[PDB]
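Beneath this line is the structure, given in structure tokens, with notes to follow.
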Amino acid sequence: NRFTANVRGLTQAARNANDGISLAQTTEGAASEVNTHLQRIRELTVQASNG
Amino acid sequence: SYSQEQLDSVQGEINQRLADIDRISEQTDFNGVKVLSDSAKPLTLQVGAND
């Protein structure tokens, strides 16, 4: 019974960790898009810095 | 050897040339910048990242 309870707990924990992986993936994608923006702002700042 | 009238004609030609020089100064334009003019501060030309 202890083994069964531990096994179900560990499997549900694996599911929780999969959800954590997915959350990190969404955050990573959003941050990557912000990065792609920041490259464009940097390039345009270099452009407009010309007098 | 030139009398006063021919000197006056020469001076008229010189005045025309000077007027053209002044015209070139006031009107040499580049992207809305009177570069070769009486109001032309030196430029910057940002060349590279890391201003």
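For B:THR28, which sequence-distant residues (separation of 5 or more, or a different chain) have an amide H within less than 5 Å of its own amide H, given hydrogens modelled in the peptide plane?
B:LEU36
What ratio of Cα Rg to 2.2 N^0.38 Å holds for chain A?
For chain A, the normalised Cα radius of gyration is 2.26.
Going by alpha carbons, how many degrees (0 to 90, nearest 10) lie between the helix axis of A:2-48 and the longest principal axis of chain A?
Between the helix axis and the principal axis of chain A, the angle is about 0 degrees.
Between B:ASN50 and A:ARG2, what is the FRET efficiency for a Förster distance of 41 Å, r being their Cβ-Cβ separation, to the nearest 0.05?
0.10
Calculated from DSSP H runs of 4 or more alone, at -39500 (n - 2.57) each and per residue, what is the 222 nm mean residue ellipticity of chain B, nearest 500?
Values: 1 runs with 24 residues, N = 51.
The per-residue figure over chain B is -16500 deg cm²/dmol.
Given that compact globular proteins tend to follow 2.2 N^0.38 Å, what is the ratio of the alpha-carbon Rg of chain B to that value? Before the final figure, lay out each step's value.
Details: Rg = 19.5 Å, N = 51, 2.2 N^0.38 = 9.8 Å.
Taking the Cα Rg and dividing by 2.2 N^0.38 Å, one obtains 1.99.
In whole angstrom, how far apart do the alpha carbon centroids of the stretch B:1-43 and the stretch A:28-42 sit?
If you average the Cα positions of each part, the centres end up 53 Å apart.
Run the simple label-point estimate for B:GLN6 and B:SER37 please: 7 Å along Cα→C-beta, distance reported in nm.
4.1 nm
Divide by every residue of chain A the summed helix terms, -39500 (n - 2.57) for each DSSP H run of at least 4, and state the resulting mean residue ellipticity at 222 nm, rounded to the nearest 500 deg cm²/dmol.
Using -39500 (n - 2.57) per qualifying helix, the result is -34500 deg cm²/dmol.
For chain B, find the longest principal axis of its Cα atoms and tell me its angle to the long axis of helix B:4-27, 0 to 90°, nearest 10.
10 degrees
Counting neighbours? That spans all protein chains shown, and the Cβs are built from the backbone with ideal geometry, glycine included. Read-outs throughout are calculated quantities, based only on the coordinates presented, and are distinct from any laboratory measurement.
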